[PDB]
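Proteins get letters first, then strands, A, B, ... in listed order; numbering begins at 1 in each. Only heavy atoms go into these numbers, but all of them, side chains included; no hydrogens, no water, no symmetry mates.
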Amino acid sequence: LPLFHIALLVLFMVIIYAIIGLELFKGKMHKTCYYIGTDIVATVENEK
Amino acid sequence: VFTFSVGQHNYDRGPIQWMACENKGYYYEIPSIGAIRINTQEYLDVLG
Amino acid sequence: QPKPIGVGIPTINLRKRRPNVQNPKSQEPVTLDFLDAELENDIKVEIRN
Amino acid sequence: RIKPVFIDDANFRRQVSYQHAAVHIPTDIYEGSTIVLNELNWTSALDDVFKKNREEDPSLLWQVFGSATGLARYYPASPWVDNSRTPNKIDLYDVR
Amino acid sequence: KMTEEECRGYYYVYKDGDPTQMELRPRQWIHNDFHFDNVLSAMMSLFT
Ligand SMILES: *[C@@H]1O[C@H](CO)[C@@H](O[C@@H]2O[C@H](CO)[C@@H](O[C@@H]3O[C@H](CO)[C@@H](O)[C@H](O)[C@@H]3O)[C@H](O)[C@H]2NC(C)=O)[C@H](O)[C@H]1NC(C)=O
């Protein structure tokens, strides 16, 4: 029960940061380098 | 009867080995793509 | 002819082909029937048999 | 290893050497194993019969021993069409 | 290849799991970065 205020603060911070990220990085991580003319993502041995 | 155990799994492989070397056959294991070519051509040794 | 025997209709998916893979070419034999090398005829079938 | 001369020949649209036989080993089969080295040890006696057959009938084309261990010894010696990784292309040839 | 003497030569690597997309890599007997060979390496592994 005493952790109620902390949980409220956590939810409040999470909501604020979610909205900030929504307005800052919306639809930005949608371009990656494919190969020439193909639908294959180009990476190296140990890179995601 | 030639039996092939394909893939990586935790299932029992005893019965298929019994089927293999009960009906004058052979038992093979194919865990990956690299073993397919070698293990799909060895049955000609038993037939010879 | 030295060309390999064709089967079906060739379909390719150029969007899933890396440029540095060396895909396998062919290993099949050139097996052309007598009736597929000339115009098939009823007498020709009898002669072939 | 051996460095042949590889003269140009007729009836072979390639460069061939009649002094010995060439050996093809699949790329994913490591040469230098006990199994492979033993095969190369006793298959070296086929070159004399290869030469005898060629001299008896000069119109002979490739004559090859396809080993059950993956090796392929053929006469006359001639470079393979597809090197392992010298070009950007590789080969997938198992005599079996 | 289960042994150091077997882990020699070259082998095929199939990227994206396609059997038709091949690449050649040399076979090398690798050793894990964190191991338990001696007490010092074991202590480093347990600290990690
Ligand atoms: C496979 O490799 C072995 C080893 O290199 C070959 O055996 C070798 O054969 C030669 C020909 O006979 C031997 O030379 C002879 O040695 C005796 C003494 O042992 C000598 O008195 C003769 O005058 C002659 O020089 C050689 O010693 C022998 N090597 C060994 C280690 O025994 C064998 O020929 C190879 N297989 C094939 C099919 O060629």
Side-chain angles (χ1 to χ4, degrees), chain A, chain B residues 4-13 29-40, chain C residues 8-25, chain D residues 27-28 84-85 87-90 92, chain E residues 1-2 7 9-48:
Chain A
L1 267 194
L3 269 74
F4 176 52
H5 294 293
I6 301 180
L8 247 187
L9 184 67
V10 171
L11 188 93
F12 162 56
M13 280 154 156
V14 165
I15 284 172
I16 282 193
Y17 268 94
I19 294 189
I20 292 178
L22 192 48
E23 312 207 73
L24 281 180
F25 323 114
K26 178 171 40 166
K28 296 288 168 50
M29 329 205 268
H30 273 301
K31 302 211 246 262
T32 198
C33 48
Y34 299 85
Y35 279 119
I36 283 311
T38 84
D39 290 348
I40 299 174
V41 190
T43 43
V44 300
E45 329 282 346
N46 280 115
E47 177 208 343
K48 47 181 71 173
Chain B
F4 296 80
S5 199
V6 191
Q8 321 211 111
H9 49 261
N10 297 96
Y11 307 119
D12 194 16
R13 298 172 191 175
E29 273 162 358
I30 305 189
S32 45
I33 307 184
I36 295 176
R37 177 184 62 81
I38 187 58
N39 283 104
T40 52
Chain C
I9 281 179
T11 61
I12 208 69
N13 193 354
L14 273 185
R15 310 280 286 175
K16 330 286 290 143
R17 308 286 284 167
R18 284 163 189 247
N20 200 11
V21 286
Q22 204 277 316
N23 305 111
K25 295 183 184 293
Chain D
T27 309
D28 64 335
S84 68
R85 215 156 178 70
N88 49 355
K89 87 187 301 178
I90 69 171
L92 305 171
Chain E
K1 302 290 172 274
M2 287 301 262
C7 185
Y10 302 80
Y11 77 113
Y12 305 116
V13 173
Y14 308 90
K15 33 206 154 73
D16 293 298
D18 207 15
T20 50
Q21 314 302 17
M22 263 150 309
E23 188 239 320
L24 265 182
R25 308 260 195 79
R27 278 189 277 247
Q28 60 194 348
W29 191 245
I30 61 179
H31 187 39
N32 208 37
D33 281 319
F34 297 108
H35 45 98
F36 293 80
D37 271 3
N38 44 34
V39 277
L40 296 199
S41 313
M43 268 163 116
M44 171 99 237
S45 307
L46 289 192
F47 178 72
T48 55

Could you measure the distance from the [atom1] atom of [X] to the [atom2] atom of [Y]? Nearest 0.5 Å is fine.
{"X": "A/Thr38", "Y": "A/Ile36", "atom1": "OG1", "atom2": "CD1", "value": "8.5 Å"}
{"X": "A/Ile19", "Y": "A/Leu24", "atom1": "CD1", "atom2": "CG", "value": "12.0 Å"}
{"X": "E/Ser41", "Y": "E/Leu46", "atom1": "OG", "atom2": "CG", "value": "11.0 Å"}
{"X": "E/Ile30", "Y": "E/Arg27", "atom1": "CD1", "atom2": "CZ", "value": "13.5 Å"}

Fill in: Contact list for residues 17-48 of chain E, test ring pair (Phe, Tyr, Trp, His ring centres under 6.0 Å), sequence neighbours left out
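Every pair satisfying ring pair (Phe, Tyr, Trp, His ring centres under 6.0 Å) with a residue in residues 17-48 of chain E: E/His31-E/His35.
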
Can you give me the closest heavy-atom contact between [X] and [Y], atom names plus distance?
{"X": "E/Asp18", "Y": "E/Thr20", "result": "OD2-OG1, 2.9 Å"}
{"X": "E/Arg25", "Y": "E/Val13", "result": "CG-CG2, 3.6 Å"}
{"X": "E/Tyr11", "Y": "E/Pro26", "result": "CE2-O, 3.9 Å"}
{"X": "A/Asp39", "Y": "A/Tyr34", "result": "C-CD2, 3.7 Å"}

Discussion item. Can you list everything that forms a side chain to side chain contact (heavy atoms under 4.5 Å, CB included) with E/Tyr12? Sequence neighbours excluded, please.
Written reply: D/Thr27, D/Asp28, D/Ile90, D/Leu92, E/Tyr14, E/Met22, E/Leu24

Could you tell me whether the side chain of [Y] reaches within less than 4.5 Å of the side chain of [X], counting heavy atoms only?
{"X": "A/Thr32", "Y": "A/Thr43", "result": "no"}
{"X": "A/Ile15", "Y": "A/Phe12", "result": "no"}
{"X": "E/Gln21", "Y": "C/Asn23", "result": "yes"}

Fill in: Atom NZ of E/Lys15: over 12 foreign heavy atoms under 6.0 Å
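Counting other residues, nucleotides and ligands, NZ of E/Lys15 exceeds 12 neighbours.
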
Discussion item. So for atom NE2, which belongs to B/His9, do other residues, nucleotides or ligands contribute more than 12 heavy atoms lying within a distance under 6.0 Å?
Written reply: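 More than 12 heavy atoms, drawn from other residues, nucleotides or ligands, come within 6.0 Å of this atom.
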
Worksheet entry | side-chain hydrogen bond (donor to acceptor under 3.5 Å, both in side chains) pairs, two or more places apart, involving residues 9-31 of chain A |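 Of all non-adjacent pairs touching residues 9-31 of chain A, none passes side-chain hydrogen bond (donor to acceptor under 3.5 Å, both in side chains).
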
Item to complete: Taking only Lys NZ, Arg NE, NH1 and NH2, and the carboxylate oxygens of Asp or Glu, determine whether E/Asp16 and C/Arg18 approach each other closer than 4.0 Å.
Response: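 The answer is yes: the pair qualifies as a salt bridge.
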
